[PDB]
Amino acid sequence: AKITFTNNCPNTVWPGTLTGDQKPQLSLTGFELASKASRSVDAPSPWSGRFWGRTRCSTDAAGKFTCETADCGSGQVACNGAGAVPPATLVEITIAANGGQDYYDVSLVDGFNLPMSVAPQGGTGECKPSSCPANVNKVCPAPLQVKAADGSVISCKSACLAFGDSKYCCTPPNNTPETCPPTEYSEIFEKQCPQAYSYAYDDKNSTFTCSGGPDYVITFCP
């Protein structure tokens, strides 16, 4: 599958990619995407992993690439098989084995930093897009805020990340959908971005499925 990233944001974003399930990383694990620019990476089948965008990046005084949001700690533009330090908006994709049914989403389970959408191109089935188009940072309550030095809110933690309570993380005794309902905090994310997952046991969306080896477009600030 071809995964094309598009930056619709007014500022540069530095995407990252991470292959899960102990499988090999994609050819690009991090790159620079200027405002309005696009870039593609190929994924094998099957494949399961995650994508994000880092913001406010710069090579620092020590010569290490560091970002104020979603930094992957590699000291390079490439993330080299490391994931983001949350909070970070995530796109997750599972590419099916043998041309089967992929499934995917935008997730705010690890918080938010940038608006993102993911949409399959081609394939067969529902193949509907998942999106979080809102700038959730603008409505992020204090205990969830991450701020830059200029005082701007640059990311918004999920309640699981910020507080850790089992009722937020959906861990025992709240380890099932029945015992882990939505909270006031997950509802912040849900109201802003209803077509994204707002917590661990947000009801799965059967339209976020697509068969027959679709390509994908991932958009920042859709």
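For every residue, the number given is its place in the sequence shown, counted from 1.
When the two stretches 200-208 and 14-22 are set side by side, the higher mean Cα temperature factor goes to 200-208. Stretches 174-182 and 23-31 differ in mean C-alpha B factor, with the higher average recorded for 174-182. When the Cα B-factors of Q145, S152, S117, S107 are read from the PDB record, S152 comes out highest. Going by the entry's values, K64 shows the largest Cα B-factor out of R54, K64, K157, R50.
In this PDB entry, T124 carries a Cα temperature factor that places it within the highest third of its chain's modelled residues. In this PDB entry, the Cα temperature factor of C193 sits in the bottom third of its chain's modelled residues, the lowest group. Sorting the modelled residues of the chain by their CA temperature factor places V217 in the lowest third. When all modelled residues of the chain are sorted by CA temperature factor, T69 is found within the lowest third.
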